[PDB]
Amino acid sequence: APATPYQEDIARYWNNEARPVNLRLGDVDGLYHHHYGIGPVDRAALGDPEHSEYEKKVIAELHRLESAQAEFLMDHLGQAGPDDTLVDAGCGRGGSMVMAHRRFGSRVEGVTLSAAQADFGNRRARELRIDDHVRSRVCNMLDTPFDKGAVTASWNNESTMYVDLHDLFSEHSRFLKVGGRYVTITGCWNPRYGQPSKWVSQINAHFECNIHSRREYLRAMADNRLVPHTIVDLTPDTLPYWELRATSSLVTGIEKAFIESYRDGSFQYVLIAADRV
């Protein structure tokens, strides 16, 4: 049962979603992501733009940048081991969960509003024989079954724009143990610009999301016992990904809005890593 008419919309969006730009990239190595990439493009791997196999090399390179984004996130989760539980809030098809389990060996619990995504991720976990440690469930990340203080580290990778931040960080704060770690990577509108620009609103309209101001992230964390130890503006680092994507046959139409808004300073891609204290 959906929490709100809006979360019903979001369950529906993601139950229906199945774009080539996500699935073809995932097929590269069975890590299915729904987030963007960071880091320099590997021009040597790409080769000659005129070559017959170029679109496939671009696919492989975009995927590499998306996986690199997740590795950067996990660099900030502190240490974690097989006895620990990690929570992926808004877990998509579960690519980040597989990566986390591989890296840390932890139990990894994911929650998503999409039954299709949860099924897909659990089928993937079974194929990899890691289903005894990695599990996706259909659940509102604002209201989860995890016990108070049970969780060692958790994160939101491009999923914070679908929820009230105070309610979100309240919940992470509840299930994270004292000394626990939280990380988000998000696109937020830059309070320096003043208000959400037209580009930001176009992005909101495209995904049915609600991009928050960087000011709102910091405030919501301060009000919920999450204290940032690292904040990185990844805007420069994600532009190469988007500029390459823009040349791809798998474009979705929103590429210009991300590029222009990143360039004019109205929109930014940030990582915030915080301690639960």
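Start at 1 and count along the sequence shown; that's the residue number.
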Comparing 152 to 160 with 132 to 140, the higher average Cα temperature factor in the PDB entry belongs to 132 to 140
Mean C-alpha temperature factor, higher of 36 to 44 and 211 to 219: 36 to 44
Member of 68, 226, 231, 250 with the greatest C-alpha B factor (per the PDB record): 250
Report the option among 192, 126, 166, 174 whose CA atom has the maximum B-factor in the deposited record. 126
Chain-wide C-alpha B factor ranking for residue 269, given as lowest, middle or highest third: lowest
Please place residue 198 in the lowest, middle or highest third of its chain according to the CA B-factor in the PDB entry. lowest
Compared with the other modelled residues in the chain, in which third is the CA B-factor of residue 180? middle
Chain third (lowest, middle, highest) by recorded CA B-factor, residue given as residue 186: lowest
According to the PDB entry, is the CA B factor of residue 79 in the bottom, middle or top third of its chain, that is, lowest, middle or highest? highest
